[PDB]
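Mapping to the working numbering: the sequence shown position 168 is 171, numbers consecutive.
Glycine is no exception: its CB is placed at the ideal position from the N, C-alpha and C atoms.
One structure below.
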Amino acid sequence: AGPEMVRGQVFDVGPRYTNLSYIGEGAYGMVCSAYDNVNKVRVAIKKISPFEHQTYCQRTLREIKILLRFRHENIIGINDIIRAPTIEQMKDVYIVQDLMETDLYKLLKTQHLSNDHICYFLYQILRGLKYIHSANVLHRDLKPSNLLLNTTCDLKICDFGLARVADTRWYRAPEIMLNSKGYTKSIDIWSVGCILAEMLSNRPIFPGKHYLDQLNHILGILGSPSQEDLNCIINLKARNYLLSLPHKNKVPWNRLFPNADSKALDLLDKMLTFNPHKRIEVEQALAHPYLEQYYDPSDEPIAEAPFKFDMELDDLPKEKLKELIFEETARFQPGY
Ligand SMILES: Cn1nccc1Nc1nccc(-c2ccn([C@H](CO)c3ccc(Cl)c(F)c3)c(=O)c2)n1
């Protein structure tokens, strides 16, 4: 027969995985669904081709190590990994995962959510995030397309390529745009607030077309930052820009979302706080009155131990990273 092919991309995952169907693609990979002839279900398969770039190698290794370590209902797992039998021949890595029927990006393009579903999705996002943060990990790229949903409204967070151990513009915290890397766990909470806003209105709350436009969108709702807000390490260009702007008035949340649950808007206000030091943390968010019908501290697992990378990944040449990826994936090879 041959390896199957999808949109030009070779998908060399047979014979176990067949009947491929395109799901989507990114800068250095493609995601398809496939039929698994061992477990007799359809699965997701992400083809990644990262080896020409140190950055892409980092992401690939980080996602693999983190997802194989993590164990939580609201976090996607890895069931299988396919790659070449020799490192010389390995140009692609195929990561096999439970197939989810859709993502929140797609869902919000087509469906108006009930307040009860918004509440339940938010709960699951934060429940998963509680586990991530308890492992001392930052996800750093939370957004609707990284929130997977199955047929019965189960939610799983995916794509941990940008994850980092502590110590997409539209969903990026202010600190990110103010700092050349100077931020914390709170950046994830900002992203979740953006996602909550988007679930309330079916449109991105801060859809900036570029960096400056993103800052202007944020201040367009929060208003000009205070002195306290600007009492931090900030990029000089960004600080000067902000100081050059006209005054902007704060827009009350109930004016932007006139039909939203008042409790939902109270939580939204605490997540979309400019100053990350005054921004609500994940446990406090779970305990917020908006989530009272789902909050269950007896059933919200945390990680057994903090997550730790054994090597300074940023320092490693991409060739060493490829060797680590070969090693991490060896356990899925026959005869291991
Ligand atoms: C049917 N459908 N529609 C949307 C999602 C799904 N189902 C599904 N099921 C399991 C896993 C995944 C899935 C998707 C996207 N991603 C990231 C999203 O950022 C991703 C990284 C790299 C590249 Cl190249 C990519 F295209 C997507 C995952 O990691 C994992 N999706």
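With 16 other CB atoms within 10 Å as the buried threshold, where does residue i fall?
i: residue 201; result: buried
i: residue 236; result: exposed
i: residue 305; result: exposed
i: residue 99; result: buried
i: residue 265; result: exposed
i: residue 196; result: buried
i: residue 89; result: exposed
i: residue 32; result: buried
i: residue 336; result: exposed
i: residue 46; result: buried
i: residue 2; result: Summary: the structure shown does not reach residue 2, with the chain confined to residues 4 through 339, and so no result is reported for it.
i: residue 339; result: exposed
i: residue 43; result: exposed
i: residue 295; result: exposed
i: residue 138; result: buried
Out of the options, point me to the one whose CA is closest to residue i's CA.
i: residue 77; options: 162, 4 and 292; result: 162
i: residue 274; options: 318, 17 and 175; result: 175
i: residue 281; options: 197, 259, 121 and 193; result: 193
i: residue 184; options: 139, 223, 135 and 238; result: 238
i: residue 20; options: 7, 27 and 12; result: 7
i: residue 18; options: 40, 270 and 72; result: 40
i: residue 51; options: 334, 138, 325 and 284; result: 325
i: residue 228; options: 267, 190, 261 and 276; result: 276
i: residue 199; options: 116, 287 and 28; result: 116
i: residue 189; options: 260, 73 and 284; result: 284
i: residue 291; options: 30, 56 and 125; result: 125
i: residue 140; options: 72, 318, 38 and 272; result: 72
i: residue 318; options: 61, 224, 234 and 107; result: 61
Quick check: is any heavy atom of ligand 1 less than 7 Å from the C-beta of residue i?
i: residue 34; result: yes
i: residue 217; result: no
i: residue 161; result: yes
i: residue 42; result: no
i: residue 22; result: no
i: residue 84; result: no
i: residue 105; result: yes
i: residue 185; result: no
i: residue 100; result: yes
i: residue 77; result: no
i: residue 190; result: no
i: residue 151; result: yes
i: residue 47; result: yes
Expressed to the nearest angstrom, what Euclidean distance is found between the alpha-carbon atoms of residue i and residue j?
i: residue 67; j: residue 147; result: 21 Å
i: residue 311; j: residue 186; result: 19 Å
i: residue 232; j: residue 178; result: 10 Å
i: residue 322; j: residue 59; result: 12 Å
i: residue 129; j: residue 5; result: 44 Å
i: residue 2; j: residue 309; result: Nothing in the structure corresponds to residue 2, since the chain is present only between 4 and 339.
i: residue 218; j: residue 252; result: 14 Å
i: residue 54; j: residue 22; result: 27 Å
i: residue 65; j: residue 250; result: 42 Å
i: residue 307; j: residue 164; result: 22 Å
i: residue 242; j: residue 83; result: 47 Å
i: residue 220; j: residue 107; result: 22 Å
Any 3 or more C-beta pairs closer than 8 Å across the segment 97-104 and the segment 142-162: yes
Between the segment 199-219 and the segment 108-123, do three or more beta carbon pairs fall short of 8 Å? yes
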